[PDB]
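[1] What follows is a protein structure lacking sequence information:
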DNA sequence: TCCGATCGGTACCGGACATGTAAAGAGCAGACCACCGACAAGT
DNA sequence: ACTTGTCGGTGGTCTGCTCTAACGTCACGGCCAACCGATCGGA
Ligand SMILES: [Zn+2]
């Protein structure tokens, strides 16, 4: 799931020294605090508690500790697909974005009437890598936006 | 103020330091706006009553004078002139800079007026006024030639 | 030449002719002019009052140029009188009808 | 400076620009520009034209070029940058108080650094910060990156107040909200007269 | 440090002998002036050499209202103060004392010059303590603690916690956009 | 449809005013006035009615003494 | 063009919150003394819930549900 | 009708004079904060001498507090001997 | 020139008729008889003496903060007691 | 003579709204107020 | 007989300044991702 994926990504937490490390694992949800009708009547938030087991590891001594950590009240979706926030139902609208990958585009100049081809590499949370061909037939790479 | 038909001209021009300190009724010294407890404007701050004017009508900071009969006088303890509270949008202050600062309008413009006046390239002006390169203000040609 | 007009600048035809008439008599060599066609965007910003030009477009540049030139606004126009709340010099606002 | 100390005097920052403007000779520069424009030709002619325009603008009027370097920064009256308390106890600022506070803080820190006797590097850095703060106060965004407040929102300065469709001229001078006004849906009435 | 102390002592002796004293020899005056100038140069060199510790310390406080450069300048002031009070007789390295003074200066400046409405440090400490107690109670109980629990664990009246929470808010901006498009302002 | 005159009708004779600029607020819920935009000013100038434009600009929007004097008159 | 549903948006917000919490943990690790550190004294759960609440109350993609009729919802 | 009032003359250090109105039944302060932010006095034959403020702490005071005179004298003598040996061999 | 009995009567009436705590400065400015004090210390001593005399007569004066958001203390006489 | 940067602009009426973190603590001093003792002169 | 200006003391609260001694030494973060037209400064 999403929580398991993000906790697995965040599991390696080591400083520059690298003598200590903190790990997160096994997210868990508890029973809902209150029903939908009560939340709407009392102007509350339809949420459920979240518990994450955290382990602290010390490399120099090899001693480890395990404890249960409370993460907060995570809002929960009702059966109708709406989130109750402060007694008012809110709906999250999906978003359309361009998927990461490589894209090739062709442009035609109005000066020499010659076609120019460029390729843009669009990653997720990363720098941009581009290549292009000019009128002088010289391939150029533009790392980031330089 | 009144009789709009009596306005003949609306002249604009550069303001020198003398005009800037003639406009202001006082100098602000601290970056304070209001007290966190009593919600009252501080002294010598951005909202000082002694500098810009009273918040209440015909009342001073310490409350010594609270009557309309005290018109145009200045309280001898808090310094707040007892007048109307509508003067808080007509009085200005000024800040005494410890080092001169150039005006952004006349430097970072297309074309750069300072550059045209001093025959300096915009990059040279940017380096000079942002502490990146030294500029020779003057040179004693006669002394250099003699020795 | 001997006129006060800066070379390469754009001046009104009436003002240019008046200056030439002033220079030719008890003066020196008159200036020479050539007709110039200007767009609407450029002609509006070249008005004699900095207030209308500042209200129209490019407020920063117009204000800077007016401040440097120390230009004076005579307050005779529809937009300038609209801004300051005075009667416009058109329709019933002229001296003949008021 | 170490070897040929008593032969020149060079500075860095706005003080050097102020000294250059003080030593500037308007009449000689104007005469040289007129000679160049009436004698020379080529690409230099356009630059001579522009410089002559600027110098004549500074010469014909009664003002002086010393107004481009500031020694005192005026402060807008408090009512134009109100500090009001919204319902619920929350306060609101006009986004100018932050800029004024930054300028005042940097000026006071510069005063303290000069008083203590800090080395040249620290004093120069503080003066550069003061220059940047003043430039951001007068017009935010012209040089460098805009100053961002909470929520990564650039702050609104005086130039932003005077510019754009949301500026003073186009929002509160050429068009105002009036009293004695109404608004409602319209229907068609055939029994009415033309007036 | 020895050069700085020698220069300070030479300057003090020259000042004392200048008024109500006697005509110092020319060679002695030259020696005193040279010692004072050497002390000043040594102090400047010591200040310039340790300007990276300030940057290292001020890195951790970025993003708490104060700008990075302001934090650097306050750390530099703390470094100057540490240089003034540094003693070499104990033999401890200058890094520890410099770190202590830089941390103190940065913390004090960030406590003062970071809010539109200033809050005294003696109350910022109380706010921080209340926040720490609230976090501890939240972790221990598993739910948001009530004001009664905070008052019980902070040995204060149930009314002071509400006042402290009221003092902790920050003013919103009047120029923020209300609608989706930038046509209306608060 | 949900476009009813019970919610769209609006009128104002004298109501709240803003702080930085002494102008009436906007919106039915805030009892504000109707904006007299730039195009309406152009239309009034084209007609030739100077006095109506002057009154609309000054004594209904911004003239602080003018508003109370007009109401008293 | 891919579609980011509610799940991916909430996952991104939780990722931002966890990154801030990791930064706080790293900052606290270099200051506290060893042999006296427990997992609970290092974990600061405020940023995660703060980010979730900020997303639910401020993001443009979190809008009030239209309830004129079931079709609108 | 307006209440009578008096005018007090204050002079700053850099030759600036400002007028501050005061009531008849009031105590005119000796020193007043002028319009330019600089403290000014009242121009009168009998000067109301105000309170005097002693200078604050400085680097030398801290050095003297954290050290002793004898050790500083010994260090200065050592430095003088070193510079003398370096200069005249 | 106000007699002491009149001053005490004014003070007790002002305390009884005011539903909020009043600091010393407000009593000095408002209640008659306290405007003739040559110095602040003299006024404070006179007010302390008058308050002690009133408390000796059994009047239950109550002292507390002016407001929950302010630190200055005020005076109020409970009407029920 | 050509061209990589930089700045200027892009309709209107109606409506809507308000922040999310803090590495601390101790010692000494200054200003102000609620509680008080004396002591002679005016009332 | 009663009262008050003048003098001095305690304890509490709010506010500000100075100090702390193992060793510690040059930041991520990156939007931008439109479109057309005009102008000044390098190559
Ligand atoms: Zn007063």
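    That came through, no problem. Residues are numbered from 1 along each chain as shown, chains lettered A, B, ... in the order given.
[2] burial of residue I:44, as a residue count?
    13 (other Cβ atoms under 10 Å in any protein chain shown). Yep, even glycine has a C-beta here, placed from its N, CA and C like the rest.
[3] part of a helix, is it?
    Yes - under DSSP: H, G, I helix; E, B strand; the rest coil, residue I:44 sits within a helix.
[4] Thought residue I:28 was touching it, still the case?
    No - applying Cβ atoms under 8 Å as the test, residue I:44 and residue I:28 come out as separate, 9.0 Å apart.
[5] Counting by contacts, list what the helix or strand hosting residue F:45 packs against.
    Per DSSP states H and E: residue F:45 is located in helix F:38-47. Applying 3 or more Cβ pairs under 8 Å, 6 or more residues apart in numbering or on different chains; DSSP states H and E, one finds that helix F:38-47 makes contact with helix C:78-83, helix F:50-57.
[6] for the last one, which positions count as buried?
    With burial defined by 16 or more other Cβ atoms under 10 Å in any protein chain shown, the residues of helix F:50-57 counted as buried are F:50, F:53-57.
[7] check whether the next helix or strand after it contacts chain C.
    For helix F:50-57, the succeeding helix or strand toward the C-terminus, using DSSP H and E, is helix F:64-72. No - counting by Cβ under 8 Å from any Cβ of the partner chain, chain C has no neighbours in helix F:64-72; the shortest distance is 9.5 Å.
[8] and residue D:14, backbone torsions?
    Phi and psi for residue D:14, reported as degrees, to the nearest 10, are phi -70, psi -20.
[9] hmm, I was thinking of residue G:57
    With angles defined as degrees, to the nearest 10, residue G:57 sits at phi -110, psi -10.
[10] Does it touch residue A:85 like I think?
    Yes - counting by Cβ under 8 Å, residue G:57 does reach residue A:85; the two are 7.0 Å apart.
[11] More neighbours: which of these two?
    The residue with more neighbours, out of residue G:57 and residue A:85, is residue A:85; 20 against 11, by other Cβ under 10 Å.
[12] which residues pair with that one across the strands?
    Note on residue A:85: beta-bridge partners residue A:88, judged by DSSP bridges.
[13] just the one 10 residues further on next, same as before
    Assessed by DSSP bridges, residue A:95 has beta-bridge partners residue G:4.
[14] one step back: so which of the helices and strands packed on helix F:38-47 is nearest DNA strand J?
    Closest approach to DNA strand J among the helices and strands packed on helix F:38-47 (Cβ to the nearest atom of the strand): helix F:50-57, 14.4 Å.
[15] The closest residue to residue E:141 other than its chain neighbours - how many residues pack around it?
    Leaving out its chain neighbours, the residue that sits closest to residue E:141 by Cβ to Cβ, 6 or more residues apart in numbering or on different chains is residue E:149, at 7.6 Å. Neighbour count of residue E:149, defined by other Cβ under 10 Å: 18.
[16] Work out for me the element residue E:149 sits within.
    Per DSSP H and E: helix E:147-153 holds residue E:149.
[17] Can you point out the buried residues in that helix?
    Judged by neighbour count (16+ other Cβ under 10 Å), helix E:147-153 contains these buried residues: E:149-151.
[18] Same question for stretch D:163-174.
    Under the neighbour-count criterion of 16+ other Cβ under 10 Å, stretch D:163-174 has D:163, D:166-174 buried.
[19] Would you mind giving both backbone torsions of residue D:157?
    For residue D:157, the backbone dihedrals (degrees, to the nearest 10) come out as phi -100, psi -180.
[20] before we move on, what about residue B:95?
    phi -120, psi 130.
[21] Who are the contact partners of it?
    Neighbouring residues of residue B:95 by Cβ atoms under 8 Å, 6 or more residues apart in numbering or on different chains: B:27-28, D:72-73, D:75, D:103-104, D:107.
[22] coming back round to it: same list (the buried residues of helix F:50-57) but as a markdown table, adding distance to residue I:76.
    Putting the buried residues of helix F:50-57 into a markdown table (distance: Cβ to Cβ, whole Å) gives the following:
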| residue | distance to residue I:76 |
| --- | --- |
| F:50 | 63 |
| F:53 | 60 |
| F:54 | 57 |
| F:55 | 55 |
| F:56 | 55 |
| F:57 | 54 |
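[23] The longest strand along chain D: partners in the sheet, and parallel or antiparallel?
    Assignment by DSSP state E gives strand D:69-75 as the longest strand of chain D. According to DSSP bridges, strand D:69-75 forms sheet pairs with strand B:92-102 (antiparallel).
[24] now the helices for chain C?
    With helices called from DSSP state H, chain C shows them at C:13-24, C:40-44, C:50-56, C:59-69, C:78-83.
[25] What of chain E?
    For chain E, helices defined by DSSP H occupy the ranges E:2-18, E:26-49, E:51-58, E:68-84, E:94-112, E:121-141, E:147-153, E:160-167.
[26] Compare these and give me the one nearest residue A:56.
    Closest of the helices of chain E to residue A:56 is helix E:121-141, at 14.8 Å (criterion: Cβ to Cβ).
[27] In the closest one, which residues are buried?
    For helix E:121-141, a neighbour-count test (16+ other Cβ under 10 Å) marks E:124, E:126, E:130, E:133-135, E:137-139 as buried.
[28] Also stretch B:38-50?
    For stretch B:38-50, burial by neighbour count (16+ other Cβ under 10 Å) applies to B:41-50.
[29] nearest to chain G, of those?
    residue B:46 (29.2 Å; Cβ to the nearest Cβ).
[30] Not counting its neighbours along the chain, what's nearest that closest one?
    With sequence-adjacent residues excluded and distances taken as Cβ to Cβ, 6+ apart, residue B:46 is closest to residue B:33, at 5.1 Å.
[31] what's near enough to touch the one you found?
    Residues in contact with residue B:33 (Cβ under 8 Å, 6+ apart) are B:41-42, B:45-47, D:83, D:97, D:101, E:116-117.
[32] at 7 Å instead, please
    By Cβ atoms under 7 Å, 6 or more residues apart in numbering or on different chains, the contact list for residue B:33 reads B:45-47, D:83, D:97, E:116-117.
[33] Helices - which of those land there?
    When helices are assigned by DSSP H, the members of those inside them are residue D:97.
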